[PDB]
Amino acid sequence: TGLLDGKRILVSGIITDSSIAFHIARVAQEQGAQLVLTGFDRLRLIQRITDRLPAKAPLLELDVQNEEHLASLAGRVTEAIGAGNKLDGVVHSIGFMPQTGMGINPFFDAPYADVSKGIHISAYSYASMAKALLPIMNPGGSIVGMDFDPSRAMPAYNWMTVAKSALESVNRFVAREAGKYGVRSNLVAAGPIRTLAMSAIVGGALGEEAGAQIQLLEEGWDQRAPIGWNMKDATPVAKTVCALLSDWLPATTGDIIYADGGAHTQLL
């Protein structure tokens, strides 16, 4: 009876209880969705974290840089949700950039191997996951990825900005493919969320100046947002992802929905 009643949804990207994907998973389950989860590398940790979700959900291993994992993924999902069943939704909440590509390390000093790894995980993998899963998605389905608005440059975000610009472009091409299946593809551009790592960066993990810059970004964000922005609360973001996973945005694809308090619409 919830927003997502009866829907089978794959959620990637949980690593801590502060992960945006954890909150996406929690809200989707509150709204009646049946989930399959995917996790990278630390599956014991991730199972222990996801035990706290309101309902049980199978956890599958997925390193998006691993071709074998991607080749087997649809079969492993079908095993978890049962033969003859398909997915209605896929959430990509995956991002990574080596520390040379973010923070106080100069923009020009990031080696391309590092940048390439970040773009692989943060942008190309959105296509990789759609390739793997569209064959087991139902018409009317929905693929959602997470974005951080890269239309303008900003301090420290550096090559991760570039990776997000690439992701936005990938999403428009994934929509062309997904459309053949009756499936939508979209991104949610979220405001800053104080995940574990972000608090670590604010605390200086990538250099003092980067931490200072993020605090400034956060303060400015809430100021600009006409309805404000609470960086400690991922729930408005998770709700937005569930809106796109639902039946209520049926004519939106290849697009970007901004769950950012309206900040990007305001100069000051």
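Position 1 is the first residue in the sequence shown; the rest follow in order.
Remark: stretch with higher mean C-alpha B factor among 7-15 and 249-257 is 7-15. Stretches 225-233 and 55-63 differ in mean C-alpha B factor, with the higher average recorded for 55-63.
Of all the options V144, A178, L167, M198, the entry's greatest CA B-factor is assigned to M198. As recorded in the PDB entry, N85 shows the highest C-alpha B-factor of the residues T161, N85, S185, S128.
Ranked against the other modelled residues of its chain, the C-alpha B-factor of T240 as given in the entry falls in the lowest third. Annotation for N105: C-alpha temperature factor in the highest third relative to the rest of the modelled chain, per the entry. The entry lists a Cα temperature factor for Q99 that places it in the highest third of the chain's modelled residues. Ranked by C-alpha B-factor against the other modelled residues of its chain, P111 falls in the middle third. In this PDB entry, the Cα temperature factor of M137 sits in the middle third of its chain's modelled residues.
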